[PDB]
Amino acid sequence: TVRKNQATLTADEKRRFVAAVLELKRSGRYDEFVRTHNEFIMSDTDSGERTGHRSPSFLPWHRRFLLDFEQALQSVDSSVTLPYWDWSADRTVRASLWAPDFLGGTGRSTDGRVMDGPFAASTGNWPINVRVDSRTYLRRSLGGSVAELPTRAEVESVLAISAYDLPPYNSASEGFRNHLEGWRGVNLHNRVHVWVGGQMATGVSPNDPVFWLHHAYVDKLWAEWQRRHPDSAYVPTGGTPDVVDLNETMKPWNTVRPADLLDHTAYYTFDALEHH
C-alpha cells in the first residue's frame, strides 16, 4: 500500500514487480488493460463524450485504472505496489529505470526494438498483441522525438495553477488538469509519452510497463497539487454534458465517481509527499 519512487526500489522489489507484470501478461489479463486504454483514447473527443483523457476526469480515471492494475498485480504477489517515475529527476537513458534488471533500455535505431531487460521481444515473454500495426516487439526511442523531459521548474509552474480545470473542460482548457495532461503549456504528461517513443507514444501505450510508472507519478503530482491548494477541488460539480461531473459515475466501471477517488490515502500512500 505504499507507492515508492522507482529509483529507490531494492533488487528484490524490482524482481517481484517484473515477475508479477510478466505473469499478468502470460495469463492474458495484461492485454485487456492495453485494450481498455486504447478504446478510451480512440473515443475521448473534445467535442463529444470524454472520460479517460482531454477532460477533468483524466486524473480520477487514470487513478482508478492504475488501481485496477495494482490490484491485479497484488493478486499475483501481494507485496507488489506500483512504483512511480519522477521524470523531472531521472531524466536520462542512464537512469536505473532503464537498466536490464528493471524495464530495459531504449530501442535499437533500425527498428526501435528494445534489446534488453525482461520485456525485450527476444525473451519470448512480452508479445505485443494489442497493436495498431504488424510489429509485435516492444519499441522505444528514448529522447528521439522530443529532446527533453519536463524539468522540476516546469513541474512547479504547473503545480502553482490553482484552478483544477476550466470550461470548456477539454484539450483547450486553462487550469491544472490540462497543463498537467499537457495539451496546453510547457507540457508534462503528453511530452513524456512522446519522449519514450515506441508504443508509449501510441493509443496502445500500456504495452510498455513504463506506462504505469509514468501515470503513478502523474497521479502523485495530482496529490501534490491538492496539498498546495486545499481550497481547490475537482470541477465541474454538476450538469455538464459530455463530461464527468464530481458526483457522476465513470465508464467502464460505472460504480465509481471522481468524488470517490479524490483522496488517494483511502487506497495507498506515497513514500514521500509533503504537507501544505
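Each residue number is its position in the shown sequence, starting from 1. C-alpha atoms forming the largest set that superposes within 1.5 Å between two forms make up the rigid core.
A.B. asks: Do the Cα atoms of 132 to 140 or of 176 to 184 sit farther, on average, from the shown structure in 9 other deposited structures of this protein when the rigid core is superposed?
C.D. replies: When 132 to 140 and 176 to 184 are compared in 9 other deposited structures of this protein, 132 to 140 lies farther out.
A.B. asks: Taking the mean of the C-alpha B-factors per stretch from the entry, tell me the winner out of 144 to 152 and 164 to 172.
C.D. replies: Higher mean C-alpha B-factor in the PDB entry: 144 to 152.
A.B. asks: Which has the higher mean CA temperature factor in the PDB entry, 193 to 201 or 72 to 80?
C.D. replies: Per the deposited B-factors, the answer is 72 to 80.
A.B. asks: Among 133, 181, 116, 86, where is the Cα temperature factor highest, going by the PDB entry?
C.D. replies: Among 133, 181, 116, 86, the PDB entry lists the largest C-alpha B-factor for 133.
A.B. asks: According to the Cα B-factor stored in this entry, which of the following is highest: 209, 238, 28, 56?
C.D. replies: In the PDB entry, the greatest C-alpha B-factor among 209, 238, 28, 56 is found at 238.
A.B. asks: Relative to the other modelled residues in the chain, which third contains the C-alpha temperature factor of residue 187: lowest, middle or highest?
C.D. replies: Tercile = middle for this residue's CA B-factor.
A.B. asks: Could you tell me which third, lowest, middle or highest, the C-alpha B-factor of residue 228 occupies within its chain?
C.D. replies: For residue 228, whose C-alpha B-factor we compare with every modelled residue in the chain, the answer is the highest third.
A.B. asks: By the record's CA B-factor, is residue 139 among the lowest, middle or highest third of residues in the chain?
C.D. replies: Lowest third of the chain for residue 139's C-alpha B-factor.
A.B. asks: Sorting the chain's CA B-factors, does residue 219 end up in the lowest, middle or highest third?
C.D. replies: For residue 219, whose C-alpha B-factor we compare with every modelled residue in the chain, the answer is the lowest third.
A.B. asks: Place residue 97 in the lowest, middle or highest third of its chain's C-alpha B-factors, as listed in the PDB entry.
C.D. replies: For residue 97, the deposited C-alpha B-factor lands in the highest third.
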